[PDB]
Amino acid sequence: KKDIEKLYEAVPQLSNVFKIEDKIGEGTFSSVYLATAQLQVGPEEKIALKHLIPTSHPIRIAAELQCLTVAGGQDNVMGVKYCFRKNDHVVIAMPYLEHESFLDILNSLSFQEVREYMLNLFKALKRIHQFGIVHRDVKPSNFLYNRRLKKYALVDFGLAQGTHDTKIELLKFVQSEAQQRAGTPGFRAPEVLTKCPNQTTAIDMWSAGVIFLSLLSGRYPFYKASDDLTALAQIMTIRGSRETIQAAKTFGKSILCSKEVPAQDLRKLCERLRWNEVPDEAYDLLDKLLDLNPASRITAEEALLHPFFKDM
């Protein structure tokens, strides 16, 4: 509640536009509020006010805004209504998308809903990747899902980086994570966990695989790890230590591991963990998303063409 009052004080113009009701999010880089506003066009609208931590560099703030402005508003990528600023206080206003907690719906999604969820995640990923945005933090709390409405939004570009040929100009000026801004270890691809200097849009595809893994196994969070190498150890136990070491060689990292652990069959893993008739195509797609080699890992565009998604 004092948060609400202090948000109003740091950005006075918010007083004139929004009735700020609740705080619906907090992270190390931002707090998010639910608010009501009146549209000139007629109706009232529920709005998400994302308050960026005043320690963020202008470039970082501008970059996220630019991703929302340029890539967002389409294909399940969140867009931006407006942005408010007083000094180092920057508040991004977005349409509020009411959404389920991932845990709460996890064990209750029908299999068809699991296909739609994934299909919609890949539409968003396809969108952002065509602009050369590497999200770097794809995970259920950044992919908003309204079950009732069948509505989906990829949010949170606070960690994003640009590909070499990115269409988002400001992302060129964002210090690389491997060069210098860290996600949840358990959604991070082996080439991120091992600090590979070359990190492409493929790292986002890995994260979608981790989400898909949760969906198929009914376990969330699947990889529960407080640091990168624990998540890497856990990945090795799923995908095999030998297989992980081999793949890491291909991107300039040399992994030594104490206990050799065998790769797991994905179907048997998920089934034992967890609808009566999950097709082979699901585990085949999962295998491609969790491809340890980032060069061969499936892309968002190829994922939408995958037999798992016939006919949708």
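Take the two forms, superpose them, and find the largest set of C-alpha atoms that agree within 1.5 Å; that set is the rigid core. One rule holds for the numbers: they count along the sequence shown, beginning at 1.
Stretch comparison, 223-231 versus 119-127: after rigid core superposition, larger RMS CA deviation in 6 other deposited structures of this protein is found for 223-231. Greater average departure of CA atoms from the shown form, over structures and residues in 6 other deposited structures of this protein after a core fit, characterises 181-189 among 86-94 and 181-189. Counting the unmodelled positions of the deposited sequence between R274 and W275 gives a long gap of 10 or more residues.
The entry models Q112 and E113 with no unmodelled deposited residue separating them.
With 261-269 and 40-48 compared on mean CA B-factor from the PDB entry, the stretch scoring higher is 40-48. Comparing 23-31 with 247-255, the stretch with the higher mean C-alpha B-factor in the PDB entry is 23-31.
Ranking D204, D156, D228, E98 by the C-alpha B-factor listed in the PDB entry places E98 at the top. In this entry, the residue among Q199, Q161, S241, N76 with the greatest C-alpha B factor is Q199. The PDB entry assigns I59 a C-alpha temperature factor belonging to the highest third of its chain's modelled residues.
Ranked within its chain, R181 lands in the highest third, by CA B factor from the PDB record.
The PDB entry assigns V17 a C-alpha temperature factor belonging to the middle third of its chain's modelled residues.
Ranked within its chain, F84 lands in the middle third, by CA B factor from the PDB record. Ranked by Cα temperature factor within the chain, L103 sits in the highest third according to the deposited record.
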